[PDB]
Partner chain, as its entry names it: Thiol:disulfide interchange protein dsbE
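One chain is shown next in structure tokens, namely the form solved without the partner chain.
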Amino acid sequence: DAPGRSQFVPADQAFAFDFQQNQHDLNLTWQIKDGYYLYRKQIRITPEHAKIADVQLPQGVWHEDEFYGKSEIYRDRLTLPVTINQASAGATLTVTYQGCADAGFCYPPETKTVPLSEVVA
């Protein structure tokens, strides 16, 4: 197998997404496999039946690829705190993101639906 031929693993293996909620405090986490990266600009977070504080994405590193030229990317891990000011019962957070492999391909954008536990304002 010529170099980087086994790099097309399932997207959830390249970018292992998980979340943890404690009342108003939500943590979103991506474990990012070595040799893979997330585009900062492709992250979208959208509440449904919940009110959240503005989300500030953290500072990543710059990288060059043939897809977009120069853009800001994340490697290793992405930790993103979200503050839930209110959430109705059955509220959700839609989290969309896109990552690529250094071996020379990009995955399609991915969407995860986070079930939010109710939070009274």
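Residue numbers count along the first chain shown, from 1.
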{"property": "Mean temperature factor over C-alpha atoms, higher-scoring stretch between 61 to 69 and 78 to 86", "result": "61 to 69"}
{"property": "Chain-wide C-alpha B factor ranking for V9, given as lowest, middle or highest third", "result": "highest"}
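Keep in mind the form solved in complex with the partner chain is missing from the figure; the text below concerns it.
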| property | result |
| --- | --- |
| Non-hydrogen atom contact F67 with the partner chain in the deposited bound form at 4.5 angstroms | yes |
